[PDB]
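What follows is one structure encoded as structure tokens, with my remarks underneath.
Order of listing sets the numbers, starting from 1, for every ligand and every atom in it. Excluded from the calculations below are hydrogen atoms, water molecules and symmetry mates; all remaining heavy atoms, backbone and side chain alike, are included. Position 1 is the first residue of the sequence, and the numbers go up from there.
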Amino acid sequence: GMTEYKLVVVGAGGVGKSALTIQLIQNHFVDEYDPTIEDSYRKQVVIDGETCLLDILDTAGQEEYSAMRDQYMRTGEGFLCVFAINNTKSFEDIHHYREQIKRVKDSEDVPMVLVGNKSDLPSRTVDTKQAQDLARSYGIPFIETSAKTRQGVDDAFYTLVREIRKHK
Ligand SMILES: CN1CCC[C@H]1COc1nccc(-c2noc([C@@]3(C)CCCc4sc(N)c(C#N)c43)n2)n1
Ligand SMILES: Nc1nc2c(ncn2[C@@H]2O[C@H](COP(=O)(O)OP(=O)(O)O)[C@@H](O)[C@H]2O)c(=O)[nH]1
Ligand SMILES: [Mg+2]
């Protein structure tokens, strides 16, 4: 049977979670997508010759630490922690998202990838070295992406699938 992978995209508002997810689903750059819409989207993909079913949850809205929201996030098997390379605050928030994932999954080894988005822009404020060194502190991969140009989009999602496969 075809394996389904439940992936969750997290990070500050405005980093490009929706743009990244829609590039994967539609193969098109969407510069405008209602910042309040949180929803899930499926796509069949060939990753290393195997057709698998991705189920991507694109998160949005206010932080809520209810038993219901924890249960909803606990459905994720792997997480993309996204920041924007021209927004220092989004990068400085990443540790919070990682700590919340570790708590809900009750595990120090949850499949995760650090994503530096907006790599097409010239306004960089977060050095690639600092981002690579944060992923090294966590023991996870780092991928540079652009939802505008498609840079790194399959690398981010497919690497997360490969981290889930090794975790099982
Ligand atoms: C002063 N703040 C703290 C630093 C940044 C600043 C603002 O932080 C901020 N803003 C919005 C959302 C979040 C946020 N953190 O984790 C989560 C998720 C979705 C991640 C996945 C695992 C869980 S489990 C659960 N219940 C969640 C929820 N709501 C989550 N989202 N953080
Ligand atoms: N140049 C550029 N802008 C992007 C990129 N990804 C998203 N954006 C823009 O960043 C803003 C926020 O994007 P959105 O996908 O709504 O972020 P979300 O709140 O994390 O879902 C919008 O103005 C998008 O056009 C990218 O890689 N490059
Ligand atoms: Mg969004």
Side-chain angles (χ1 to χ4, degrees), residues 5-43 54-126 128 131 134-135 137-138 140 142-157 159-160 163-164 167:
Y5 294 102
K6 304 180 66 50
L7 318 182
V8 185
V9 187
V10 312
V15 298
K17 297 184 299 298
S18 297
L20 287 166
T21 297
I22 291 155
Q23 266 288 14
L24 188 79
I25 298 298
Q26 292 186 24
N27 205 50
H28 182 65
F29 175 48
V30 170
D31 67 7
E32 183 182 4
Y33 196 73
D34 182 335
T36 75
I37 294 172
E38 169 164 288
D39 202 1
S40 48
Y41 309 84
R42 297 196 185 78
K43 167 182 205 58
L54 307 190
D55 185 9
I56 303 162
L57 171 58
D58 173 31
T59 66
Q62 286 257 99
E63 70 207 288
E64 154 177 358
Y65 298 108
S66 63
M68 174 196 80
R69 191 154 182 76
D70 281 356
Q71 283 168 10
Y72 191 49
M73 297 296 150
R74 198 173 283 126
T75 70
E77 291 173 291
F79 296 76
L80 296 186
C81 292
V82 187
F83 71 100
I85 65 148
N86 67 335
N87 190 281
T88 297
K89 180 64 170 57
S90 74
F91 180 71
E92 286 173 349
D93 291 347
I94 288 283
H95 72 95
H96 175 81
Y97 290 94
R98 177 157 169 110
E99 289 152 16
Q100 297 308 308
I101 290 161
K102 294 290 116 151
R103 179 185 65 75
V104 295
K105 296 296 297 177
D106 186 32
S107 169
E108 294 185 335
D109 199 275
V110 179
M112 197 171 292
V113 173
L114 180 66
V115 174
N117 194 42
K118 312 199 186 180
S119 300
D120 56 286
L121 293 178
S123 44
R124 177 182 291 279
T125 63
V126 181
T128 295
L134 181 60
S137 301
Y138 295 144
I140 69 185
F142 171 58
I143 303 290
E144 299 180 53
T145 68
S146 168
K148 179 172 172 187
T149 67
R150 301 218 200 105
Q151 170 180 336
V153 175
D154 289 343
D155 289 345
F157 289 102
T159 292
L160 183 62
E163 291 294 284
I164 289 161
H167 179 89

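Of all the heavy atoms of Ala19, the ones lying under 4.0 Å from any atom of ligand 2 are found in both the backbone and the side chain. In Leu20, neither the side chain nor the backbone holds a heavy atom less than 4.0 Å from any atom of ligand 2.
Looking at atom 6 (N) of ligand 2, its nearest protein heavy atom turns out to be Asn117 ND2, 3.2 Å. Here the protein heavy atom with the shortest distance to atom 30 (C) of ligand 1 is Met73 CG, 4.0 Å. Ranking protein heavy atoms by distance to atom 10 (O) of ligand 2, first place goes to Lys118 NZ, 3.0 Å. Nearest protein heavy-atom neighbour of atom 14 (C) of ligand 1: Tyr97 CE2, 3.3 Å. The protein heavy-atom contact nearest to atom 19 (O) of ligand 2 is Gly14 N, 2.9 Å. Protein heavy atom at the shortest distance from atom 17 (O) of ligand 2 is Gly16 N, 3.0 Å. At the shortest separation from atom 25 (C) of ligand 1 among protein heavy atoms lies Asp70 OD1, 3.6 Å. Among all non-hydrogen protein atoms, the one lying nearest atom 22 (C) of ligand 2 is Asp31 O, 3.5 Å. Looking at atom 2 (N) of ligand 1, its nearest protein heavy atom turns out to be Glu63 OE2, 4.3 Å. Among protein heavy atoms, atom 27 (O) of ligand 2 sits closest to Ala147 N, 2.9 Å. Ranking protein heavy atoms by distance to atom 1 (N) of ligand 2, first place goes to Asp120 OD2, 2.9 Å. In this structure, atom 16 (O) of ligand 2 lies nearest to the protein heavy atom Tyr33 O, 3.9 Å.
Paired with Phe79 under the rule side-chain contact (heavy atoms from CB on, under 4.5 Å), one option of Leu57, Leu160, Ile101 passes, and it is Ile101. The one candidate from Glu92, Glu99, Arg98 that meets the side chain to side chain donor-acceptor pair (under 3.5 Å) condition with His95 is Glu99.
For atom 23 (C) of ligand 1, the nearest protein heavy atom lies closer than 4.0 Å. Counting only heavy atoms, the protein gets under 4.0 Å from atom 9 (C) of ligand 1.
Contact of the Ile140 side chain with the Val113 side chain is not registered, since no non-hydrogen atoms from C-beta on lie closer than 4.5 Å. Residues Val104 and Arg69 have side chains not in contact (no heavy-atom distance under 4.5 Å, counting atoms from C-beta outward). A heavy-atom distance below 4.5 Å is not found between the side chains of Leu20 and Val15. By the 4.5 Å heavy-atom criterion applied to side chains, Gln151 and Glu144 are counted as neighbours. Contact of the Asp58 side chain with the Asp39 side chain is not registered, since no non-hydrogen atoms from C-beta on lie closer than 4.5 Å. Under the 4.5 Å side-chain criterion, counting only non-hydrogen atoms from C-beta, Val9 is in contact with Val82. The shortest side-chain heavy-atom distance between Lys17 and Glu38 does not fall under the 4.5 Å cut-off.
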Would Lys6 and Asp55 count as a salt bridge (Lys or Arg N to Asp or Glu O under 4.0 Å) here? Give the steps.
CA-CA 5 Å; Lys6 304 180 66 50; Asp55 185 9; 2.9 Å; yes
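A donor-acceptor contact closer than 3.5 angstrom links the side chains of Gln100 and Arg103.
Counting the atoms of ligand 2 from 1 in the order shown, those under 4.0 Å from a heavy atom of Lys17 are 17 (O), 18 (P), 19 (O), 20 (O), 21 (O). Short contacts between ligand 2 and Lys148, defined as distances under 4.0 Å to a heavy atom of the residue, involve ligand atoms 26 (C), 27 (O), 28 (N). Residue-ligand proximity, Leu121 to ligand 2, at heavy-atom distances under 4.0 Å covers atoms 1 (N).
Looking at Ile101, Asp93, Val104 and measuring to atom 21 (C) of ligand 1, the nearest heavy atom belongs to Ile101.
With sequence neighbours left out, the ring pair (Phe, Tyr, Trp, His ring centres under 6.0 Å) criterion links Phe91 to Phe83.
Residue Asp93 comes nearest to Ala12 through the heavy atom pair OD2-CB, 3.6 Å, listed as atom of the first residue, atom of the second, then distance. Scanning all heavy atoms of the two residues, the minimum distance from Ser146 to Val153 falls at O-CG2, 4.0 Å. Closest heavy-atom contact between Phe157 and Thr21: CZ-CA, 4.2 Å. Between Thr128 and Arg124 the shortest heavy-atom distance is OG1-NH1, 3.4 Å. Minimum interatomic distance between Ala135 and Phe142 (heavy atoms only, all atoms of both residues): CB-CB, 3.6 Å. In terms of heavy atoms, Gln23 sits closest to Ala147 at NE2-O, 2.8 Å.
Considering backbone and side-chain N/O of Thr59, none are found under 3.5 Å from N/O of ligand 1. The N/O atoms of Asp58, backbone and side chain alike, include none that comes under 3.5 Å of an N/O atom in ligand 2. Checking only distances, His96 does come within under 3.5 Å of ligand 1, N or O to N or O. Considering backbone and side-chain N/O of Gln62, none are found under 3.5 Å from N/O of ligand 1. Between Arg69 and ligand 1, at least one N/O pair is under 3.5 Å apart.
Protein nitrogen, oxygen and sulfur atoms, that is N, O or S, within less than 2.8 Å of the Mg ion (ligand 3) amount to 1.
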